[PDB]
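Start at 1 and go down the list; that is how both ligands and their atoms are numbered. In what follows, every heavy atom counts, from backbone to side chain, and hydrogens, waters and symmetry copies are set aside. Along the sequence shown, residues carry numbers from 1.
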Amino acid sequence: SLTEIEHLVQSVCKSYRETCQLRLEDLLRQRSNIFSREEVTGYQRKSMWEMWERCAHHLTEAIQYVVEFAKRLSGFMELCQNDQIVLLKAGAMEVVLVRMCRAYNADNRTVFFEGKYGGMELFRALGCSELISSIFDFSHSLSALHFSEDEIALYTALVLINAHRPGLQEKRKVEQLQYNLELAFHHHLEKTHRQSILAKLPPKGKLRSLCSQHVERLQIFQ
Ligand SMILES: CCS(=O)(=O)c1ccc(CC(=O)Nc2ccc(-c3ccc(C(O)(C(F)(F)F)C(F)(F)F)cc3F)cc2)cc1
């Protein structure tokens, strides 16, 4: 089992790398590519309908890679179809929000969007500054940890594989898989001497509440 745990760490980290949408080194190298004043004004002038359509398109692309990530998790495919859809439906966007911190630059408070970095003001046309400021603030706190790609891999696996999600039939089987991934996570943190990030992780509520507030607005504009 101790070998099982290590094989699981390697597998989880491998599945994420194959389904990480953009390479980390590419996001970091693009940080100097910042939307100009003209380009920002262009985005602020678009209709709220234009911005929602572009965001939903990009959030939907991101979700697809999160689905491919789940298909390659060790025990995800051997869960019942009902449970798979419950975990993805409740989890996919939570994982996207966590992945996004890779694309957040805490230096100048910008996120990667449509090929360049821009601030919260890019999204002004949406008319929901509170909601956008929540995404940037959440990303900022996450960025403080300097997550490695493997830490993202293991942590987002635990975001997906949550046995407390309502609507599970094989609750026992998911609680087992979560347990294994919990050990994979705590084990790799031992080996990389990064155990200190555990205390600092987001509360299980916080990711739920924030993602809830966002499916609400996007459902409206769909
Ligand atoms: C991830 C794998 S990656 O390889 O790290 C990665 C990271 C960035 C990209 C490019 C990208 O797509 N960037 C992006 C940034 C922010 C938003 C975004 C846009 C709008 C909203 C809302 O409108 C919501 F309501 F829709 F939530 C909000 F919050 F404003 F209200 C929330 C958002 F996160 C969407 C796409 C591609 C792959």
Side-chain angles (χ1 to χ4, degrees), residues 13 15-35 39-40 42-44 46-70 72 88 90-106 108-143 145-157 159-160 202 206-222:
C13 292
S15 301
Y16 171 71
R17 161 138 185 269
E18 284 161 6
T19 66
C20 74
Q21 181 174 351
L22 289 174
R23 291 168 70 258
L24 180 59
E25 223 187 39
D26 290 334
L27 286 169
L28 295 172
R29 172 148 38 72
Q30 288 292 311
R31 283 173 164 193
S32 68
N33 197 9
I34 294 169
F35 281 114
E39 295 166 312
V40 171
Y43 279 108
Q44 297 184 320
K46 300 185 190 295
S47 180
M48 66 186 87
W49 293 96
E50 181 64 14
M51 288 298 301
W52 289 102
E53 183 181 304
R54 287 170 184 240
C55 299
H57 172 69
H58 298 310
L59 293 178
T60 287
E61 270 279 312
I63 285 160
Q64 287 169 295
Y65 286 83
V66 170
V67 163
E68 185 66 14
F69 168 66
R72 307 178 188 208
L88 286 180
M93 263 284 289
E94 296 194 353
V95 165
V96 167
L97 292 175
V98 170
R99 288 183 170 207
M100 262 302 159
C101 77
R102 306 188 330 141
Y104 176 79
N105 176 3
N108 59 10
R109 299 188 302 166
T110 56
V111 66
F112 193 67
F113 180 79
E114 295 193 330
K116 302 193 196 192
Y117 282 77
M120 291 179 306
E121 73 281 6
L122 272 198
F123 304 94
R124 188 213 271 164
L126 293 186
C128 59
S129 66
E130 295 304 323
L131 184 57
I132 301 151
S133 178
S134 283
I135 297 302
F136 276 63
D137 291 343
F138 179 78
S139 302
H140 192 94
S141 63
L142 217 56
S143 91
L145 303 181
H146 278 84
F147 274 137
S148 65
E149 290 287 88
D150 293 339
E151 281 160 2
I152 297 283
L154 292 159
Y155 176 65
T156 60
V159 172
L160 269 173
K206 198 71 167 221
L207 206 56
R208 203 31 183 159
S209 199
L210 195 62
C211 183
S212 286
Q213 285 153 37
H214 290 81
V215 171
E216 197 168 324
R217 298 292 180 86
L218 184 71
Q219 295 295 142
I220 296 171
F221 299 82
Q222 183 57 11

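Residue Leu59 has no N or O atom closer than 3.5 Å to an N or O atom of ligand 1. When only interatomic distances are considered, the shortest N/O to N/O separation between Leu22 and ligand 1 falls below 3.5 Å.
Contact between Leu27 and ligand 1 is present, with at least one heavy atom of the residue lying under 4.0 Å from the ligand.
In this structure, the protein non-hydrogen atom closest to atom 12 (O) of ligand 1 is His58 CB, 3.5 Å. Of the protein's non-hydrogen atoms, the one nearest atom 10 (C) of ligand 1 is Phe112 O, 3.5 Å. Closest to atom 2 (C) of ligand 1, if we only count protein heavy atoms, is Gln21 OE1, 3.4 Å.
Taking every non-hydrogen atom of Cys55 and a distance limit under 4.0 Å, the qualifying atoms of ligand 1 come out as 19 (C), 20 (C). Close contacts between ligand 1 and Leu126 involve ligand atoms 23 (O), 30 (F) [criterion: under 4.0 Å to a heavy atom]. Close contacts between ligand 1 and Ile132 involve ligand atoms 30 (F) [criterion: under 4.0 Å to a heavy atom]. Listed by number with element, the atoms of ligand 1 under 4.0 angstrom from any heavy atom of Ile135 are 29 (F). Using a 4.0 Å cut-off to heavy atoms of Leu131, the atoms of ligand 1 that qualify are 25 (F), 31 (F). For ligand 1, the atoms lying closer than 4.0 Å to a non-hydrogen atom of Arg102 are 3 (S), 4 (O), 5 (O). Every atom of ligand 1 with a heavy atom of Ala103 under 4.0 Å away is listed here by number and element: 7 (C), 8 (C).
Atom-to-atom distance recorded for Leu142:CG and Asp137:CG is 12.0 Å, nearest 0.5 angstrom.
Considering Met100, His214, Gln219 only, the shortest heavy-atom separation from atom 14 (C) of ligand 1 involves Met100.
Judged purely by distance below 3.5 Å, without hydrogens or angles, the side chains of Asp150 and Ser148 never pair a donor atom with an acceptor atom.
For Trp52, every heavy-atom contact with ligand 1 shorter than 4.0 Å involves the side chain, none the backbone. Within the 4.0 Å heavy-atom criterion, both parts of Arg99, backbone and side chain, lie near ligand 1.
Note: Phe113 and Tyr43 have perpendicular aromatic rings, judged against thresholds of 30 and 60 degrees for the angle between ring planes.
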